[PDB]
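Each chain is listed here by its residues.
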Amino acid sequence: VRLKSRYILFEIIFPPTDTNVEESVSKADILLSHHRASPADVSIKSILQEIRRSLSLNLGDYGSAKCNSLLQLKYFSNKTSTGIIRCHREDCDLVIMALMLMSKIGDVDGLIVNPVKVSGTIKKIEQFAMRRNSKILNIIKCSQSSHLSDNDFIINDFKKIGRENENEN
Amino acid sequence: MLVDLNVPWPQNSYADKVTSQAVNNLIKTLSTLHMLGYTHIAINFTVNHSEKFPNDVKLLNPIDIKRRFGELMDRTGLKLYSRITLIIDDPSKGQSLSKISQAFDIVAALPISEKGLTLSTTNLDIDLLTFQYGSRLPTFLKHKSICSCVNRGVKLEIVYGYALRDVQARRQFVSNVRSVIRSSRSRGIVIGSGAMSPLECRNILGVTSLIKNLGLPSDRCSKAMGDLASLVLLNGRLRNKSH
Amino acid sequence: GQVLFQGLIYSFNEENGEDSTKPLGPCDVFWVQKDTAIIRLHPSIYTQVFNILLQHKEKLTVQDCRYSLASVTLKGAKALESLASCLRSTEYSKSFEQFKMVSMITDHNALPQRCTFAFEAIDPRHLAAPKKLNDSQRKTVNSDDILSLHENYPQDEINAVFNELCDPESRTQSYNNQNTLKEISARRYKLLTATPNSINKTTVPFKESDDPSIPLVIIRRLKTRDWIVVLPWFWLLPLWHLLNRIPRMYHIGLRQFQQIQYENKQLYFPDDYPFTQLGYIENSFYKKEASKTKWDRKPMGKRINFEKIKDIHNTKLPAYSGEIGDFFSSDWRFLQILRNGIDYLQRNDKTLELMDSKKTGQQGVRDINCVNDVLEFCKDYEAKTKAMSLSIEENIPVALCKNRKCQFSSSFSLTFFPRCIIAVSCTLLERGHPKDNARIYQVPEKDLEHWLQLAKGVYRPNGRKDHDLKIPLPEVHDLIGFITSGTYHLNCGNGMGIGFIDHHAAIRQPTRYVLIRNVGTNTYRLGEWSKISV
Amino acid sequence: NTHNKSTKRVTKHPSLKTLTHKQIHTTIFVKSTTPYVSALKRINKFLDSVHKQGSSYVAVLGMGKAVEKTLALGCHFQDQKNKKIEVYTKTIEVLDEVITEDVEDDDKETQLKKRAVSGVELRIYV
Amino acid sequence: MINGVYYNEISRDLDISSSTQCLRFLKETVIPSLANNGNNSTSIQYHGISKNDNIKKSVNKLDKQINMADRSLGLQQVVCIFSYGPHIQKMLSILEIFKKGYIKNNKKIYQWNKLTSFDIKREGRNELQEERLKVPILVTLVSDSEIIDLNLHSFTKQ
RNA sequence: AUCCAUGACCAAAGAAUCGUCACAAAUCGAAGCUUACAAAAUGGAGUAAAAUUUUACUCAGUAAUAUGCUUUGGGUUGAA
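Criteria and thresholds
- Residues numbered from 1 in each chain as written, not as in the entry; some residues may be left out.
- Chains lettered and ligands numbered in written order.
- Part of a larger assembly, values for the part shown.
- Heavy atoms only, no water.
- Helix = DSSP H or I, 4+ residues; strand = E, 2+ residues; numbered from the N terminus.
- Buried < 20%, exposed > 50% of the residue type's maximum accessible area, 1.4 Å probe, protein only.
- Areas by Shrake-Rupley, 256 points an atom, 1.4 Å probe, with all protein chains shown as cover.
- Contact = heavy atoms within 4.5 Å.
- Buried area = accessible area lost by both parts, 1.4 Å probe.
- Salt bridge = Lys/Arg side-chain N within 4 Å of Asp/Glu carboxyl O.
- Pairing = 2+ DSSP bridges.
- Near = heavy atom within 4 Å.
- Polar contact = N/O pair within 3.5 Å; in protein donor to acceptor, adjacent residues only side chain to side chain.
- Nonpolar A, V, L, I, M, F, W, Y, C, P; charged D, E, K, R; others polar.
- Axes fitted to C-alpha atoms, helices over the stretch in contact; angles between N-to-C directions.
- Parallel < 35°, antiparallel > 145°, perpendicular 65-115°, else oblique.
- Core = buried A, V, L, I, M, F, W, Y, C linked by side-chain atoms within 4.5 Å.
- Expected span 1.5 Å × (residues − 1).
- Arc of directions from axis to C-beta.

Per the deposited record, cryo-EM is how this structure was determined, to a resolution of 3 Å.

On to the overall build of chain D, then. A count of helices and strands for chain D gives 2 helices and 5 strands. Counting from the amino terminus, chain D carries its helices and strands in the arrangement β-β-α-β-α-β-β. Viewed in the frame of its principal axes, chain D has a C-alpha envelope of about 65 × 30 × 25 Å. For chain D, the residues scored as buried account for 34% of the 126 residues in total. For chain D, the exposed surface amounts to about 8100 Å²; the carbon and sulfur share of it is 51%.

Attention shifts here to the interface of chain B and chain A. If you look at the interface, chain B gives 28 residues, while chain A gives 26 residues. When chain B packs against chain A, close to 2400 Å² is buried across both sides, 67% of that on carbon and sulfur atoms. By the criterion of area lost to chain A, the three top residues of chain B are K28, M35 and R202 of chain B, representing 24% of everything that side buries. Where chain B meets chain A, there are 1 salt bridge. The salt bridge involving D93 of chain A is made with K212 of chain B; its shortest N-O contact spans 3.7 Å.

Attention shifts here to the pairing of strand β5 (residues 111–123) of chain E. All names here are of chain E. Across 13 bridges, the pairing between β5 and strand β6 (residues 130–142) is antiparallel. By the bridge assignment for β6, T116 is matched with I137. What sits between the antiparallel neighbours β5 and β6 is a turn of 6 residues. Of the pairings in the sheet, the one linking β5 to strand β7 (residues 156–157) comprises 2 bridges and is antiparallel in character. Its bridge partner lying in β7, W112 is registered against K157.

A word on the protein's contact with RNA strand F. Taken together, 96 residues lie near RNA strand F, and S119 of chain A, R297 and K298 of chain C together with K41 and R42 of chain D sit nearest. Put simply, 54% of the atoms of RNA strand F that lie within 4 Å of the protein are in sugar or phosphate. The separation between a base nitrogen of RNA strand F and a polar side-chain atom of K90 of chain E is 3.0 Å. Here the residues of the surface near RNA strand F sort into 28 nonpolar, 33 polar and 35 charged.

As a further point, take the sheet that holds strand β1 (residues 11–12) of chain D. All names here are of chain D. An order of β1-β4-β5-β3-β2 is seen for the 5 strands of this open sheet, with the pairing classed as mixed. Two strands close off the open sheet at either side, each with one partner strand: β1 and β2 (27–29). Across 14 bridges, strand β4 (residues 85–98) lies against strand β5 (residues 111–125) in antiparallel orientation. Paired with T91 across the bridge in β5 is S118. Those strands touched by helix α1 (residues 36–46) are β2, β3 (57–63) and β5, and its axis lies near 170 degrees from that of β2.

Below, the discussion takes up the packing of helix α1 (residues 27–34) of chain A against helix α1 (residues 20–36) of chain B. Where α1 of chain A meets α1 of chain B, the axes come as close as 11 Å, and the angle between the chain directions of the two elements is 90 degrees. Judged by the inter-axis angle, α1 of chain A sits roughly perpendicular to α1 of chain B. Contact residues: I30, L31 and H34 of chain A in α1 of chain A; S31, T32, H34 and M35 of chain B in α1 of chain B. For the contact of α1 of chain A with α1 of chain B, the residue count by class is 3 nonpolar, 4 polar and no charged.

Let us now look at the sheet that holds strand β4 (residues 79–84) of chain E. All names here are of chain E. Taken in spatial order, the 5 strands make up an open sheet running β3-β4-β6-β5-β7, and their pairing is mixed. With one partner strand each, in any of the chains shown, β3 (47–48) and β7 form the two edges of the open sheet. Strands β3, β4, β5 and β6 of the sheet are contacted by helix α1 (residues 19–29), whose axis makes an angle of about 135 degrees with β4.

All right, on to the nonpolar core then. With 65 residues, the main nonpolar core has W9, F131 and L156 of chain B as its most contacted residues. Examining the composition of this core, we find that 5 residues originate from one element, α1 of chain B, more than from any other. Once you skip the residues sitting within four places of it in the chain, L156 of chain B turns out to touch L129, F131, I146, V150, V180, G188, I189 and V190 of chain B. Counting 45 residues, the second largest nonpolar core, distinct from the first, contains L24, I337, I421 and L454 of chain C.

Residue and element names in this part refer to chain C. In this fold, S485 is placed in strand β10 (residues 479–488). Its relative accessible area of 12% is what places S485 among the buried residues. A distance of 2.9 Å separates a polar atom in the side chain of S485 from a polar atom in the side chain of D272. Not counting residues within four places of it along the chain, the set of residues in contact with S485 comprises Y262, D272, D436, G497 and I498.

Residues and elements named next belong to chain A. In a regular helix each residue adds 1.5 Å, so 18 residues correspond to 26 Å; helix α6 (residues 123–140) covers 27 Å between its end C-alpha atoms and thus fits that length. Looking at α6, one finds that the buried residues are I125, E126, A129, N133, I136, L137 and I140. The buried residues of α6 occupy an angular sector of 115 degrees when projected down its axis, which confines them to one face. What points out from α6, more than 90 degrees from its buried face, is the exposed set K123, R131 and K135. Packed against the buried residues of α6 are β1 (6–13), α1, β3 (83–87), β4 (112–119) and α7 (155–160).

See below:
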């Protein structure tokens, strides 16, 4: 036979969690504030190291060895924190448990790691990511005139993440 | 839809009023929960069931839901509700719940000792039951106590909030959740979230796995935040016909 | 008006006193010049009608030309466009002008009742490649030129070219000089040294008298909505070779024909005529063997057990342990016997009764007290009266315009009178997927409110539809019909079936709902039925 | 003159059309019994595979019952989706059959008549 | 609240079932907002349609309004006709017939069209879900003369 | 000339039904609900009021009901 696989698409949300801010309330501003980029101190190695730390403490040897057999980080972007990870089909829930029970990546603090979808093939998570980015761009360009979000935290990024690092067939 | 119904309201008793920073924190955490996917939310409130309830029929629910949060029920579609978490310790001290029934939608109970726990399942007016998963539940609880209430219209609740704060509370949480699952034979379980901060919230498609790898069947993990949590809210709202 | 005919063809036998008729199947009759007729028939009923005409060959004349005329059927939108890309004429004829103009419709339902074409083509092997009719120039066809097609009809030019098919020596002359492939190749090669010297043509020219002319007829069938093309036999192969070089032309078999005629809510002569002498055989003698042979030839336990099924009906009669009727076919004999017995059980006692607990066991007395007695009578009549001997009867007539509904110790047999039925199509309002031979029950007067509420919609607190409830069940005397063809209907997106139901059942329903359940299952789905005018 | 006492059967025909394999793949005929989300999904999936046909717009198109339904869909694409649409009002002519007017069946004589209605074409850009 | 129309994210107090009030609001609120300044006024004889009409008299009125007994050396006869909801089907029966007999004297005519929408919020399936609907709005300008100094870039010319 | 038990060889076939799984899009995947209309376009049918015109209404019932409904996914007439 052939070995199955599962791909997990994880984002990183950086909530403000600071007092004396009194933000505005609108679907555009909440997303535009929670979705700031990553401070570039995180890397492809920091996330993997932290997700290995969170398994050998919230699970034991027989929980940190049934997942570490096949666990590879494929694609990660800093302009938008989306990333893709790969694991065995029967041992994907333990990786999710590692995801939630883990915060404070490396030294960066006050953040949430958010797995948004899991799927078998790799051809389909690409389409899902494209649809997700299209949906975000549509919702940010409809609240008002789009260029009131002129800071361009993410607007120039979705178009330019087309296939630059996504040629992993 | 998704229902999360254990967001706490920052007030300890009927004496103090709410400050500014507390409500400022509450609004931010509500916004974050709205982003993560939740649509319907309820707001908790803790008392001791042995205190002087306001005599007048008003100002007994200081939530003030229609003036505050008026700019969040529009500009984004999430809806909000109200609930109170009575703490029962003694089999006496009156104050029968016929009074506060009209001023809320969801009434819960948080028994502490054996007498309180056996009173709670005996004859009250609650529509939900909760425990203190933080530490030191009164152990050796069996199907005998819980069968009678769950046969009637009562539900059990898990919070998963204490799994995020500290390791020492995490161990007690994971110890007690297994007992409460296996004592009720996986019947009438719903999930809330104790979010004291805009950091202690989580998505859906992982917490279901967090409950599935503890003992709950995968067929029931998909109805905690769902049909049962919708039915409790539907009944609570339909109770408002007292007027 | 010489429009095509499609209907039902009988077999009259009026020659000595008592006579009757029995439906046989479909028929295509086309009249010409008021004293010539062309008849097209399915092969199975070809001979039986034919010999009938031979009873009067003193007065008529008949030609079994089934080995001399061929035909092709075309379906789709871009059909005439593809056929017109492989046909040219010899002279100028108006019936080719009309054919050129009407080959640009793409929605053939707009055209009127009659669209007959008839002309004389040349050997289609001249072209060497299909070619358009230069049609892109004219693109302002409107609804005013269509009305001209009902007045500018070339009657004589159709008759003259048509009468070169109803004469054997004329279509014999039609072969007068049929060319071999090599000499056509040489003729084409002779076009590289032509006199115009500024043309570079590919199609070979046409000679005035040293080449054959092929008569050709094209007719339109409205009920089936397709095009017939009728041609001489040996000419079919040269044409059919070009017609399959179109980049988007596909050939279909006989199953696809059944599916196409199923989708358009229409019957199908072989499989779906249980009131004809051959449909009955195909149902109760040909499908049943093909199914049972592959059933009883499986190890037990690796197949659906038919007489061990629980909770089929509200209350259980001890006659049938499990399922009702034969497991492999739509059994109509049981329907006739059961319905007739149910009707007789209400001769003067309106209130039926199911079973009396152990009255007795049985002049060969077979009393008609309880409904279990009717069921055991049906069980006795099978496997012990027609599995060891033969008998023929048509328990299934078709709906008649007259009115002979009602009826009633001399002649009270349960297999003597035919029970009239009608043909319907049932669509499912909720989940379901009706396969073949499934059963159709009337909706009980009790629980009508529950099924109506389910039809309107019952929603969970979540907001979706509510499905998992308590499904109530009807009795066994609520069986009124069978389903003969059913699958997922792509034209509407929900499952649909076609079948027959007892006539007297429908004319007493206070509503328009029925219950459908497959064979070997106890799940009842809801549906609504509409009539088919056949 | 004559009052139209034609309660006898009338077999309405679809309007005469003509297509070119380019209007086949860039056109939608909104029926009266079309569920809203059905046409929504159909339109949403043609604006993704129309560039390869060398076009720049999709022609939603309807009359009678469809018009308001059609217009509703247009609204959903004007705002809340941020696309530009053009609206054209058209007149259409269709054909109806009427009988010429023992007991005989449906198969009676036929005469054609012409009747006009009005509809809307609505072009949604990309 | 969960009731009432919402035109341009702003609550309004009027009922869809009644047509006259909605037509009045649509006439005196949004039409000047789309058809911009025309020297503070232009000869525009407003006309609203409803599902209860008689098409002959309405097309006669539309014929009259575009010719005030052949005004000489005056302003332009610009007409604006609008409708919404289930009444729209009645408007296109008029707007086309009026154009049919008017071109029997080999004269030309120019029109512009524009489409907008009302939003409506109502109770959904159960008491926990809201549902929101869209209602169409169609406005059309007919001129009888060439391009006008008014600002019409969103409109569509036919 | 009969039966039972063990063993060898040949041959047939490789279970059916019901329920749940968050997003103006979803799921571990796929598909369906596009021959534009209620004969209200020989320039629809009627009711009320005021000096043909102006102002108010009735008539469309399988009516229509909004990211909604329905079907299906390892050897389909064993070996992919």
